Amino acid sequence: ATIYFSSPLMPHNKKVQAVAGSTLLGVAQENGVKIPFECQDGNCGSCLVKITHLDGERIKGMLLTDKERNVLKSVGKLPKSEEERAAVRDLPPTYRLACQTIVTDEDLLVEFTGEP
């Protein structure tokens, strides 16, 4: 698993190869990436990260082509929420708490403001 860490407080992004252990925060701290860690109960929100999934499904769980979405819409089997979710122009980022995020086999771009 390849993780690219990025922050306005880092002049260079950091490419990290991660192995089984494990949280995003744990991986970051182990590799000198200073994601703010301000609680031991996962309630403060200081470790907030913006994650872009680099490989795998573009929209997680949404394997539908434009054609299938149109066919499903025509029979009233495509909810507006699912339509809008798939119609996103730019690769959708997910906000997570790094102290709660388990490192999987997925390649990620991990962004954080650097502010406490």
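Position 1 is the first residue in the sequence shown; the rest follow in order.
The gap between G21 and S22 holds 1 to 3 unmodelled residues of the deposited sequence. The question of which stretch, 85 to 93 or 25 to 33, has the higher mean Cα B factor is settled in favour of 85 to 93. Of the two stretches examined, 63 to 71 and 47 to 55, the record assigns the greater average C-alpha temperature factor to 63 to 71.
Among all modelled residues in this chain, the alpha-carbon of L108 has a temperature factor (C-alpha) in the lowest third.
The PDB entry assigns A98 a C-alpha temperature factor belonging to the lowest third of its chain's modelled residues.
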